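# Close look at the chain arrangement
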Amino acid sequence: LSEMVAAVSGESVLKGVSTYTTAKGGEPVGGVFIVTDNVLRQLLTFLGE
Amino acid sequence: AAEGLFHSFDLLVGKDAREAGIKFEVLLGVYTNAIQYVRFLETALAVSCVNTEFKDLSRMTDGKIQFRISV
Amino acid sequence: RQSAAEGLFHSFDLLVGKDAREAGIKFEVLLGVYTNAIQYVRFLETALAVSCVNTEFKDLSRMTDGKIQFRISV
Amino acid sequence: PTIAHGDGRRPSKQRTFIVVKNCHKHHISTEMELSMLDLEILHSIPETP
Amino acid sequence: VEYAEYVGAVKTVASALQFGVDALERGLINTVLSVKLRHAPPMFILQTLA
Amino acid sequence: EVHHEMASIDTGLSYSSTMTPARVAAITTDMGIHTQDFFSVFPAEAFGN
């Protein structure tokens with residue numbers, strides 16, 4: 001998954017927008033993994049907390 | 001001056017003006033036609049006619065006129 | 001570019017002599033968007049700097065040669 | 001940005017690109033059918049329960 | 001019109017000069033790195049030699 | 001044209017740095033079969049008939 005992230009760059013032209021952030025705040029959200037229901041469940045069992 | 005144009009896209013491009021912003025580019029030349037707008041009561045053909053305004057033409061139904069001439 | 005003003009926004013209008021009607025050919029001021037990709041880099045901020053000691057010389061161009069001489073007793 | 005090279009024969013010129021982006025347009029449709037009995041008993045007026 | 005022209009001129013020229021000095025900084029970093037690699041001997045030789 | 005000049009010296013007598021190939025990223029040349037012909041190396045040499 002981390003490699004799938006790294007393949008994408010942040011080389012964007014717009015340079016500045018309001019960002020999405022976690023409930024705990026601070027670190028902005030970096031992107032979206034859109035998946036299926038079963039893959040969702042299996043990823044949540046392979047990755048913890 | 002360069003603001004007042006967009007609703008939000010100017011806010012999207014960023015405000016810093018050291019990284020991104022909206023500059024000047026070439027002037028463009030335009031020549032737009034001029035048109036003389038026409039009115040009937042303003043032409044001189046109106047000298048012939050006698051122009052009265054009927055709101056609803058429907059009331060005129062028979063559409064016949066009796067000329068009563070005396071000599 | 002097919003049309004002179006495709007990617008550009010239209011901001012101002014120069015009217016000949018006086019601002020009356022649309023008859024004058026006129027001048028339109030067009031704007032573009034510029035983005036700078038640079039990310040600031042400093043040699044003293046790179047981890048690489050620990051390896052070398054840096055001394056600033058005001059007029060190196062004058063310098064023809066430089067040398068160091070070691071004297072080692074055994 | 002660009003790196004300033006010495007052994008390279010002629011110093012590399014600074015670079016700027018013009019990139020023209022196009023906006024796509026997508027149109028969306030749906031269909032709803034409604035009966036004349038509704039469209040009429042609507043224009044009528046109720047008087048009785 | 002000329003005010004817009006002036007601010008555009010200063011933006012372009014300032015960007016050009018900033019990129020120039022940045023290119024000189026990156027050139028300094030690259031020159032130091034290549035100076036290191038020029039005098040870095042290979043490990044398979046340097047181990048037993050040192 | 002902006003010109004910049006720098007100088008460097010080695011502080012110690014013996015070597016102070018070392019490089020090593022860590023991980024092979026790719027093989028550039030195919031290890032295949034391709035004989036070099038001599039008729040393009042020496043084109044002027046020839047037999048009798």
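The deposited coordinates derive from cryo-EM, with the record listing a resolution of 5.5 Å.

Looking at the PDB entry, one finds chain E named Major capsid protein, with Epstein-Barr virus as its source organism. In its PDB record the entry is named "Structures of Capsid and Capsid-Associated Tegument Complex inside the Epstein-Barr Virus".

The name recorded for chain A in the PDB entry is Major capsid protein, from Epstein-Barr virus.

### Quick notes on the overall build of chain A
Check the secondary structure of chain A and you find two helices and zero strands. Its C-alpha atoms give chain A principal-axis dimensions of about 35 × 25 × 15 Å. Counting only residues that meet the buried cut, chain A has 0% of its 49 residues in that class.

### Some remarks on the interface of chain C and chain B
The interface of chain C with chain B comprises 22 residues on the first partner and 22 residues on the second. Linking chain C with chain B are zero salt bridges. Applying the counting rule to chain C against chain B returns 12 residue pairs in polar contact. The element contributing the most residues to the side of chain C that touches chain B is strand β2 (residues 27–31) of chain C, with five residues.

### Focus: a nonpolar patch on the surface
All names here are of chain A. A surface patch of nonpolar side chains, about 1,000 Å² in accessible area, is lined by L1, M4, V5, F33, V35, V39, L40, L44, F46 and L47. The element contributing the most residues to the nonpolar patch is helix α2 (residues 37–46), with four residues. The residue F33 is located in the loop between α1 (2–6) and α2 in this model.

### Structural notes on the side chain of D:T2
Counting through the fold element by element, D:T2 comes out in the segment before α1 (36–43). Judged by its relative accessible area of 15%, D:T2 is buried. When neighbours within four sequence positions are excluded, D:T2 is seen to be in contact with D:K13, D:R15, E:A23 and E:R26.

### As for the arrangement of the chains
Where 10 pairs of chains are in contact, the pair with the most contacts is made of chains B and C. Without any contact between them, chain A and chain E keep their closest C-alpha atoms 16 Å apart.

### Here we look at the nonpolar core
Of all hydrophobic cores here, the largest spans five residues; its members are C:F43, C:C52, E:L28, E:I29 and E:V32. Ignoring sequence-local partners within four residues, the contact set of C:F43 consists of C:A49, C:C52, C:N54, E:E25, E:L28, E:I29 and E:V32.

### Some details on the pattern of salt bridges
All names here are of chain C. Inspection of the entire model under this criterion finds three salt bridges over all chains. Of the charged contacts in the structure, one is a salt bridge between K58 and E56, with a shortest N-O distance of 3.2 Å. Like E56, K58 is exposed.

### Quick notes on the environment of A:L47
Residues and elements named next belong to chain A. When you line up the elements, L47 lands in the segment after α2. Overall, the relative accessible area of 48% leaves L47 in the partly exposed class. Distance in space between the C-alpha atoms of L47 and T19 is 25 Å, their sequence separation being 28 residues.

### Focus: the side chain of C:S11
With respect to the helices, strands and loops of the structure, C:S11 is situated in strand β1 (residues 9–14). In this view, C:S11 contacts B:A1, B:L5, C:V29 and C:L31; residues no more than four positions away in its chain are not counted.

### Here's the deal with the sheet that holds strand β2 (residues 25–29) of chain B
What the three strands build is an open sheet, ordered β2(B)-β2(C)-β1(C); its pairing is antiparallel. The sheet terminates laterally at β2 of chain B together with β1 of chain C, the two strands that pair on one side only. Adjacent strand axes in the sheet meet at a mean angle of 30 degrees when their direction is disregarded. Summarising the sheet, β2(B) and β2(C) pair through four bridges and their orientation is antiparallel. Across the sheet, B:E25 pairs through a bridge with C:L30, a residue of β2(C).

Cut-offs applied
- Residues numbered from 1 in each chain as written, not as in the entry; some residues may be left out.
- Chains lettered and ligands numbered in written order.
- Part of a larger assembly, values for the part shown.
- Heavy atoms only, no water.
- Helix = DSSP H or I, 4+ residues; strand = E, 2+ residues; numbered from the N terminus.
- Buried < 20%, exposed > 50% of the residue type's maximum accessible area, 1.4 Å probe, protein only.
- Contact = heavy atoms within 4.5 Å.
- Salt bridge = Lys/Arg side-chain N within 4 Å of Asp/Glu carboxyl O.
- Polar contact = N/O pair within 3.5 Å; in protein donor to acceptor, adjacent residues only side chain to side chain.
- Patch = residues over 30% accessible without salt bridge, like charges linked within 9 Å, V, L, I, M, F, W, Y side chains within 5 Å.
- Areas by Shrake-Rupley, 256 points an atom, 1.4 Å probe, with all protein chains shown as cover.
- Core = buried A, V, L, I, M, F, W, Y, C linked by side-chain atoms within 4.5 Å.
- Pairing = 2+ DSSP bridges.
- Axes fitted to C-alpha atoms, helices over the stretch in contact; angles between N-to-C directions.

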